[PDB]
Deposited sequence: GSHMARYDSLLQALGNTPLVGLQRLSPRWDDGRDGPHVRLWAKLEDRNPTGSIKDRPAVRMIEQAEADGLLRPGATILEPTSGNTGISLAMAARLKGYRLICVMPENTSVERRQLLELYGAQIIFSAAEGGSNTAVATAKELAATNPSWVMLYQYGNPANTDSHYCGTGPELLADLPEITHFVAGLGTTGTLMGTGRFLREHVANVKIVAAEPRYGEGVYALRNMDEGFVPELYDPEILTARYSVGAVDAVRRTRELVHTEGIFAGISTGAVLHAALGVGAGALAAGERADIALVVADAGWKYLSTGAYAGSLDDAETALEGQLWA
């Protein structure tokens, strides 16, 4: 049990995708190639961003950067603003999110609910931070706590749950997830593969870490997100569909080469915020 919602965070579960695995069972035909999904929507605000959000805030506090009633500013496409708005409400901070205007109405709603101001990005936010030195910009694209959250959280859990891992597949945005989990897995798992997925450069980016990076188009991502609810029951968000596409690429390849694989892939969020788009 937890004294706070901020604690009921991480230790997200890992689910084998039996029906979507290129080959779930070792057989006459060749060794298994398994997709395992990690459900990061099982977090305080329903996305993986709770990890860095909280770790960044607890980090600014512990530094003494943050103080009662301080204004926090963050450029975000949704998920991180939501995680920061929830944490800021519990801690007595005022959040301002700078967002692109093409973000889903669900984001806006939940942010308003949590007491966040929304400006309608990194550049704008940077300029505002400079206009108002009072305000604190945690800066998820450069903040080491972002990467540490995954190095110290997502990584170890994955490894504890899937010690036989061969690939890790995730989305590449601020890059924290792939860098932190990537750096952890690479530092512990000989010959591990770290795969990115991008839509067709942050200070957190480390060129050394990725083994592959797939570019995935919008239509493939949507397609795959639907396939995932159809086949495995998981009401994933759009990013997860692109992640799944790349994972299946990597799956086809291991299956082609006669090699075993245990592909761990991230489900960064659920479909809830994406329904207004009509992609479901």
Item checked: Sequence order list of spans that the model leaves without C-alpha positions, deposited numbering -> 1-5, 126-134, 215-229, 310-326
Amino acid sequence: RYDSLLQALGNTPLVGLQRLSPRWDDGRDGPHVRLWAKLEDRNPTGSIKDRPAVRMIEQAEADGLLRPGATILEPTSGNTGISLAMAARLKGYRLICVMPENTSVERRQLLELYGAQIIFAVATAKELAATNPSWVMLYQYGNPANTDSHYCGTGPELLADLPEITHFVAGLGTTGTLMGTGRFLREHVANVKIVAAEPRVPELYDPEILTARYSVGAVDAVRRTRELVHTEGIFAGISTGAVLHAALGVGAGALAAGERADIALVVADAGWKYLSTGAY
From here on, numbers count along this sequence of modelled residues.
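Rigid core: the largest C-alpha set superposing within 1.5 Å between the two forms.
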Next item on the list: Could you tell me which of the two stretches, 155-163 or 133-141, has its Cα atoms lying farther from the shown structure in 6 other deposited structures of this protein after fitting on the rigid core?
Entry: 133-141
Checklist line | Stretch departing more from the displayed form, 106-114 or 80-88, Cα RMS in 6 other deposited structures of this protein (core fit) | finding: 106-114
Notebook entry, point to check: So 139-147 or 104-112, which one's hotter by mean CA B-factor in the entry?
Noted result: 104-112
Check: Per the PDB record, is the mean Cα temperature factor higher over 63-71 or over 228-236?
Finding: 63-71
Next item on the list: In terms of CA temperature factor as recorded, identify the highest of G249, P31, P52, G46.
Entry: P31
Notebook entry, point to check: Whose CA atom has the top B-factor in the entry, of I165, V98, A123, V169?
Noted result: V98
Check: Within this chain, which third does the Cα B-factor at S21 fall in: lowest, middle or highest?
Finding: middle
Next item on the list: Would you mind checking where the Cα B-factor of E58 ranks among the modelled residues of its chain, as the lowest, middle or highest third?
Entry: highest
Check: According to the PDB entry, is the CA B factor of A256 in the bottom, middle or top third of its chain, that is, lowest, middle or highest?
Finding: highest
Note to self: Please place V219 in the lowest, middle or highest third of its chain according to the CA B-factor in the PDB entry.
What the structure shows: highest
Note to self: Among the modelled residues of this chain, does the Cα B factor of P207 put it in the lowest, middle or highest third?
What the structure shows: middle
